[PDB]
């Protein structure tokens, strides 16, 4: 068995889901949310469910907050963190923004770290491996990996926001049980 180090991931987020004003209520946000999940694998032979809820940002166009939890039924114990170039100083969500043709434009984490204006977009993910021994210095053992969301400004194997069903467009990775 061996661990996920990188996930080649892409999806479409349905542009037809209504844009939200700043004051939107919980149900309006849920109507403009798409939730999905895929598997990642730690170094110890266990598959973990990674859930992402993509919800439009109230008050901003072409912008979605992705909230990530590994082991979503035990999410406080895994303490999932997501960031651009880091998993320190951040929580578990990022905002993905699209350009006026629906192509990926930027990703920003909760500390405000943002992707470069061009190129490949990698989101760093880490979470606690529940039940594992700590590492050799006593820090809790975490599984860290990246999610490649594709190339800014392009559609192939890249997250998109087109007027079509929300769906997974690509998923492959290098971990297994």
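Numbering follows the first chain given and starts at 1.
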(request) Look over 81 to 89 and 68 to 76 in the entry and identify the one with the greater average Cα temperature factor. (result) 68 to 76
(request) Between 46 to 54 and 132 to 140, point out the one with the higher average CA B-factor as the PDB entry records it. (result) 132 to 140
(request) Taking the chain's C-alpha temperature factors as the reference, tell me which third residue 150 falls into: lowest, middle or highest. (result) middle
(request) Select lowest, middle or highest to describe the third in which the CA B-factor of residue 159 falls within its chain in this entry. (result) lowest
(message) Ranking every modelled residue in this chain by its Cα temperature factor as given in the entry, which third contains residue 8?
(response) highest
(request) Ordered by C-alpha B-factor within the chain, which third holds residue 109? Give me lowest, middle or highest, please. (result) lowest
(message) Ranking the modelled residues of this chain by C-alpha B-factor as given in the entry, is residue 118 in the lowest, middle or highest third?
(response) highest
